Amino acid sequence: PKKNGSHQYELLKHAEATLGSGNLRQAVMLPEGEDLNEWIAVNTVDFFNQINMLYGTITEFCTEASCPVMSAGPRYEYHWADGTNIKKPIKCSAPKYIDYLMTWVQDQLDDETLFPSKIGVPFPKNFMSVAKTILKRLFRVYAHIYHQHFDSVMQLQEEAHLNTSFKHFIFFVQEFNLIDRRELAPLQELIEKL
């Protein structure tokens, strides 16, 4: 239920289709003559949508009860802070943190000084920084689902859905240098097998 769009819409469909080759390191690369900021912006939006729906499938198993903290494994714990509303990181539940996190990413996506909808308006000079912060924070949603909820992911059959979207995610951030090794440490074991 949606349909015809341009020009970043062809880019999104371009990226979605080219994954069908199964070689994700090639289909992740910047198409010839395409704006780097727009290619990352287009995929960052799609990643946000994908992980929003992946987490939405398991949302009944992630509660204030079974997830009092944001966790990827026992070793890693996330406390939420952004710019101003919350400066010092605050300890909260995994459902509430992801709500903070996804509502925050939406706010950047709806900021036209950041993600301009007019096709002729340059992305800001700091756009690369803003996109790195988005993707590094969305990765943590993969990490929490994999460590805590993977059993629910297999009760539903989303495991192919999640692993294909996660493989696409890692190969994309790796191609463009979008996330530090220190941030991918929780899934590092899975990352090395992919």
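Note that residue numbering follows the sequence shown and begins at 1. In this text, the rigid core denotes the largest set of C-alpha atoms whose superposition between the two forms falls within 1.5 Å.
In 6 other deposited structures of this protein, superposed by the rigid core, the C-alpha atoms of 121-129 lie farther from the shown form than the other of 121-129 and 143-151. Where the structures in 6 other deposited structures of this protein are fitted on the rigid core, 89-97 is the one of 89-97 and 70-78 whose C-alphas sit farther from the shown form on average. In this entry, residue 4 is separated from residue 5 by 1 to 3 residues of the deposited sequence that have no coordinates. Relative to its counterpart among 27-35 and 44-52, 27-35 has the higher mean temperature factor, C-alpha atoms as listed in the PDB entry. Look at the mean CA B-factor for 163-171 and for 141-149 in the entry; the higher one is 141-149.
Sort the modelled residues of the chain by CA B factor and residue 156 lands in the highest third. Annotation for residue 135: CA B-factor lies in the lowest third of the chain's modelled residues.
When the modelled residues of the chain are ordered by their C-alpha B factor, residue 183 lands in the highest third. Per-chain ranking of the deposited C-alpha B factor places residue 80 in the highest third. When the CA B factors of the chain's modelled residues are split into thirds, the value for residue 115 lands in the lowest one.
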